Asks: 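If you scroll down you'll find the structure; I have some questions about it.
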Amino acid sequence: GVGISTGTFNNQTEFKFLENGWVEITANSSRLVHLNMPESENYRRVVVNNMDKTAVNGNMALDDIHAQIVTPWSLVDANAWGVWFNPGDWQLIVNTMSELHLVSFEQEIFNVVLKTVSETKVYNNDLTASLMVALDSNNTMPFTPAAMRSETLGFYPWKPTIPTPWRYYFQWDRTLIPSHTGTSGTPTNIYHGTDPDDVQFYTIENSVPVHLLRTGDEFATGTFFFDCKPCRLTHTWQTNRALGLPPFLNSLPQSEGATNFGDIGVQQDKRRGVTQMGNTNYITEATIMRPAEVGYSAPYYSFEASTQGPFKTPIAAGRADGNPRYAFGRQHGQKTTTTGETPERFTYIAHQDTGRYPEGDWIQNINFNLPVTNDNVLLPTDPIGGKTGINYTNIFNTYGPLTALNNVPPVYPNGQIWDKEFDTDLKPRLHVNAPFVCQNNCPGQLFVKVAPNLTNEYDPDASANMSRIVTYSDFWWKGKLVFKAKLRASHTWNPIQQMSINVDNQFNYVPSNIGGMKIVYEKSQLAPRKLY
Amino acid sequence: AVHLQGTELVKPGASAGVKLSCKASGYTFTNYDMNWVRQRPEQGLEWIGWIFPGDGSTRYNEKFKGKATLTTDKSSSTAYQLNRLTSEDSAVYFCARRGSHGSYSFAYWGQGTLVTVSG
Amino acid sequence: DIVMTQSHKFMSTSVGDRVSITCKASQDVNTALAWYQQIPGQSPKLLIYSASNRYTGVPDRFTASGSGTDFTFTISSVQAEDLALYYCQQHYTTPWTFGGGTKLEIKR
């Protein structure tokens, strides 16, 4: 009713230790969401064209052309690691566990309170106003993860959070022929428009049922049950140079020290083994046959163009290129007492050794005369196309059937948790933004809107926008995310790497004297793992 | 019909700053960055920086970093330079705009505003 | 920073001759070069961009060529309205740097 609570606040993380080394992790997240009335109750089709920056020769990468439908609805996203875990629970997980499954997810909206502003300013209660809630359970509306724009709910249980205004990409065409500083022509910079065969205008009113929650109502999305693969919290270190049986050392060191090395007491052209170079007798560590290949090379900072413009080719694993950079604001980890619009940024350097070092590759003629001359080698220091800053490693692809690579690690707290699978015939082997991927169906999105509060002078035949009473809502959101983890076992004599607090990172976990908080990024895949 | 109109002479003392202005007419102001150049009678022309009025994005050179700050004003189509310390920086300042091509050539220049620092 | 040096500061010239101003760059700029003309006491006027292309409205007597570190800007037939201060700008990388200038004269 009007004076009865419809739910409870719960932000506890429960660890239930089943037998056989399996743990259930129930993460409860509760927030107070503050929502304003839409700027306009109409759907807009807006085109963004930053001609000012891309008309300059050399600024192709600064392209921001697109078309989007702007919607009067807002999205409530909780697809980020920081909504569910604090540094302590994250330490416990990444120090005690080895894998991680995604079991269940559920949401609720309760304790809705709608208010009206009257202009000093007076704030009255609208006991009869309503808040529209829509849940796209069938996954009809386009998927839109907020973690890529850093627009999820906040990371603090004691800080009120806002939802993000919903919008989606409308089709368009764009051609941007690249150039450089010193081009003699004006190649082409044209926004064509929309192909009528690809138009797609979605509305929440025509696709999903909308519930109207008043002050004493509550919404409860049932529990969604995932079915995915386990994310591993262990990293691998073995490259192709560390796979299999090492070579037998005929001369072992006698005086234990720092510069006393061992010696394989056999000439390189008199060794035994298998090679894939069928025209040479040398058996070394760079030439011996390994089972497969760990990682691959890919053209880095490469831009492929398509009907909607140029885009960067994504890299699976990096070692610079491949490492994701996260930028975020005061709601998502930045010091809440800083001033300015400069976001906090960090590059996540993963622990896994599955990248490449292009300054150390080379190609040589099949003759293999080992002391190699100039005309029989291609180094990462020779010009390709006459360009001093482009070598062959920039246009090199070594992805083949013998390539083995790992999935991306969780990024606390700004990384995404789950992702939807592409609705194509041939699916990608992994995503670079989320460790988990909903293959068949994924949790539905939760849109919120505040119902139109009309005045007494309303004319639908008036070209001007409707006059509404200034209304805003504050409700409470609750979420339950259930994981399954395995507890790790020690197989080595030596300890392993663990996450801990120390004198350097001490004040990143406690607030300042003025209430300033921050959530620094933590590594996830700490312990090593045997590959072969 | 692109026209850039700068303010006229100024004579500040050797302690303060002066704000030079440049009014643009004849084009979408937010479609082109505004560049500021300097001409001393002995050291030649020199580029101070540029300001993109949409998004208000600046870039200077290392010489005029703490010496000049650029600012834009839409709804009036004006560009401003601040000239912080102005010790003996007496020269003619120009407000320039790219052109139609795409290279950072300067097709349209202002008439120039002279700044003399004395006592 | 790229320093751009024009060979001479004053170049003798008689009306009707062919004059060739030279410009050198500290490092290799591919084409990346613009040529300006300034009458003493006015604003510069853009003559050439990309070291070969002629801006709209420039008379066909001004041409330019070159690449890398050497560039040349030539007038095939001088007029009295062409004796000015010619500047050499590079638009290869920031900061944009100009040359010192070469004033064209009339022979004494």
Side-chain angles (χ1 to χ4, degrees), chain A residues 15 17-25 85 87-101 229-266 271-274 283-286 288-295 317-319 348-357 404-412 435 483-506 509 521-532:
Chain A
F15 282 80
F17 293 93
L18 307 148
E19 280 295 313
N20 264 17
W22 287 102
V23 197
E24 250 200 357
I25 305 165
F85 299 107
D89 290 89
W90 187 252
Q91 184 192 31
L92 197 52
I93 289 184
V94 312
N95 285 12
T96 59
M97 317 294 179
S98 61
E99 321 188 0
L100 209 60
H101 297 250
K229 311 157 58 64
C231 181
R232 318 210 82 176
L233 302 175
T234 38
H235 85 269
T236 57
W237 66 269
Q238 295 193 220
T239 59
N240 266 42
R241 286 276 301 252
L243 294 165
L245 188 65
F248 186 73
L249 299 173
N250 293 274
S251 177
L252 288 175
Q254 293 263 140
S255 45
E256 259 95 12
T259 166
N260 303 57
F261 297 128
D263 286 296
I264 326 170
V266 175
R271 283 171 188 171
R272 300 189 286 185
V274 202
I283 297 184
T284 64
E285 293 300 307
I288 203 183
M289 181 188 295
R290 311 296 184 166
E293 212 203 351
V294 176
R319 210 44 245 196
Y348 190 92
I349 314 294
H351 278 124
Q352 51 174 299
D353 293 347
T354 78
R356 295 290 190 265
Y357 180 62
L405 60 154
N406 295 309
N407 209 357
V408 293
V411 177
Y412 185 77
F483 300 83
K484 209 153 57 63
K486 211 185 183 62
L487 274 151
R488 70 158 183 91
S490 100
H491 317 98
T492 46
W493 172 278
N494 66 291
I496 63 180
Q497 201 206 57
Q498 312 274 73
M499 154 191 165
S500 187
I501 195 179
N502 52 72
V503 201
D504 312 78
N505 64 346
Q506 189 191 359
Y509 307 103
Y521 86 102
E522 313 291 60
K523 304 301 191 58
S524 164
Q525 298 180 335
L526 282 89
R529 180 172 92 238
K530 164 160 51 60
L531 195 148
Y532 182 64

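Quick note on labels: first sequence line is chain A, next is B, and so on, each numbered from 1.
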Asks: I'd like to check the ring-ring contact (aromatic ring centres under 6.0 Å, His included) partners of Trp22(A); sequence neighbours left out, ordered by chain and number.
Replies: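 Result, ring-ring contact (aromatic ring centres under 6.0 Å, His included) vs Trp22(A): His101(A).
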Asks: Might you confirm whether atom OH of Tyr532(A) has over 12 heavy atoms from other residues, nucleotides or ligands at distances under 6.0 Å?
Replies: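 Atom OH in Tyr532(A) is not crowded, with 12 or fewer foreign heavy atoms closer than 6.0 Å.
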Asks: Restricting to non-hydrogen atoms, name the atom on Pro253(A) and the atom on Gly262(A) that form the minimum distance, rounded to 0.1 Å.
Replies: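 That closest heavy-atom pairing would be CD-CA, 4.0 Å.
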Asks: Measure across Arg290(A) and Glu285(A) and return the closest heavy-atom pair with its distance rounded to 0.1 Å.
Replies: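 Looks like NH2-OE1, 2.8 Å.
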Asks: Could you tell me if the side chain of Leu243(A) sits less than 4.5 Å from the side chain of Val294(A), heavy atoms only?
Replies: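 A side-chain contact under 4.5 Å exists here.
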Asks: Would you confirm whether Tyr509(A), through its side chain, and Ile501(A), through its main-chain N or O, come within 3.5 Å as a donor-acceptor pair?
Replies: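 No, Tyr509(A) side chain to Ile501(A) backbone: no donor-acceptor pair under 3.5 Å.
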Asks: Any chance you could measure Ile93(A), atom CD1, to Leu100(A), atom CG, to the nearest 0.5 Å?
Replies: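 If we round to the nearest 0.5 Å, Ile93(A):CD1 and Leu100(A):CG are 6.0 Å apart.
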Asks: Provide the closest heavy-atom pair for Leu233(A) versus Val94(A) in the form atom of the first, atom of the second, distance.
Replies: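 Smallest interatomic distance, heavy atoms only, reads CD1-CA, 4.4 Å.
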Asks: Does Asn494(A) offer a backbone N or O that forms a donor-acceptor pair with the side chain of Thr492(A) under 3.5 Å?
Replies: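 Yes; at least one donor-acceptor contact below 3.5 Å.
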Asks: Residues in side chain to side chain donor-acceptor pair (under 3.5 Å) with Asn260(A), at least two apart?
Replies: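 Residues passing side chain to side chain donor-acceptor pair (under 3.5 Å) with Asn260(A): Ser255(A).
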Asks: Decide yes or no on side chain to side chain contact (heavy atoms under 4.5 Å, CB included) for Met97(A) and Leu487(A), but give the supporting numbers first.
Replies: CA-CA 4 Å; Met97(A) 317 294 179; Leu487(A) 274 151; 4.1 Å; yes
Asks: Looking at every heavy atom in both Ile349(A) and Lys523(A), which two are closest together, and how far apart are they?
Replies: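 That would be O-NZ, 3.0 Å.
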Asks: Would a 4.5 Å heavy-atom cut-off, applied to side chains only, mark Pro410(A) and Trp90(A) as touching?
Replies: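 Result yes, sub-4.5 Å side-chain heavy-atom pair found.
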Asks: Kindly indicate, with the supporting measurements, whether the criterion side chain to side chain contact (heavy atoms under 4.5 Å, CB included) is fulfilled by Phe248(A) and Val266(A).
Replies: CA-CA 9 Å; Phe248(A) 186 73; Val266(A) 175; over 6 Å; no
Asks: So, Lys484(A) and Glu24(A), do they make that salt bridge, N to O below 4.0 Å?
Replies: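 Salt bridge: no.
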Asks: If you round to the nearest 0.5 Å, how far is CZ of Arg272(A) from CD1 of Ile283(A)?
Replies: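 Result: 10.0 Å between the selected atoms.
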Asks: Can you tell me how far apart CG (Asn95(A)) and CD (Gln497(A)) are? Round to the nearest 0.5 Å.
Replies: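 It comes to 9.5 Å.
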Asks: Determine whether a donor-acceptor pair (N or O, by modelled atom type, separation under 3.5 Å) exists between the side chain of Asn240(A) and the backbone of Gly295(A).
Replies: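 Side chain of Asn240(A) to backbone of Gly295(A), a donor-acceptor pair under 3.5 Å: no, none is there.
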Asks: Can you tell me how far apart CZ (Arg488(A)) and CD1 (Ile496(A)) are? Round to the nearest 0.5 Å.
Replies: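 Between atom CZ of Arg488(A) and atom CD1 of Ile496(A) there are 3.5 Å.
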Asks: How long is the straight-line distance from CZ of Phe85(A) back to CD of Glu522(A), given to the nearest 0.5 Å?
Replies: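 One gets 14.0 Å once the value is rounded to the nearest 0.5 Å.
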Asks: Where do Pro247(A) and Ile264(A) come nearest, in terms of heavy atoms and distance?
Replies: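 Minimum heavy-atom separation between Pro247(A) and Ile264(A): CG-CD1, 3.9 Å.
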Asks: Working note: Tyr348(A) + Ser524(A), criterion side chain to side chain contact (heavy atoms under 4.5 Å, CB included); need CA distance, chi angles, decisive distance, verdict.
Replies: CA-CA 11 Å; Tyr348(A) 190 92; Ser524(A) 164; 4.0 Å; yes
Asks: Say you draw a straight line from CG of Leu531(A) to CG of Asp353(A); how long is it, rounded to the nearest 0.5 Å?
Replies: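 Going from the CG atom of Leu531(A) to the CG atom of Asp353(A) covers 11.0 Å.
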Asks: Around atom CD of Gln254(A), are there more than 12 heavy atoms of other residues, nucleotides or ligands at under 6.0 Å?
Replies: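 Counting neighbours around CD of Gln254(A), 12 or fewer heavy atoms of other residues, nucleotides or ligands fall under 6.0 Å, so no.
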Asks: Just by distance, do the side chain of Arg319(A) and the backbone of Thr354(A) share a donor-acceptor pair under 3.5 Å?
Replies: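 No, the answer is negative, given that no donor and acceptor are paired below the 3.5 Å cut-off.
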Asks: Between the side chains of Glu293(A) and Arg356(A), is the shortest nitrogen-to-carboxylate-oxygen separation below 4.0 Å, so that they form an ion pair?
Replies: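 So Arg356(A) pairs with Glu293(A) through a salt bridge.
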Asks: If I compare all heavy atoms of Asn250(A) with all of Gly265(A), which pair ends up nearest, and what's the gap?
Replies: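 Taking every non-hydrogen atom into account, ND2-N, 3.5 Å.
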Asks: As a test of understanding, state which of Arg529(A), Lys530(A), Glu99(A) forms a side chain to side chain donor-acceptor pair (under 3.5 Å) with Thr234(A).
Replies: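 Result for side chain to side chain donor-acceptor pair (under 3.5 Å) with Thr234(A): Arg529(A).
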Asks: Quick check on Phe17(A): does its CZ atom have over 12 non-hydrogen neighbours (other residues, nucleotides or ligands) under 6.0 Å away?
Replies: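 Correct, the count exceeds 12.
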Asks: Answer yes or no: is there a side-chain heavy-atom contact under 4.5 Å between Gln238(A) and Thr236(A)?
Replies: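 They are not in side-chain contact.
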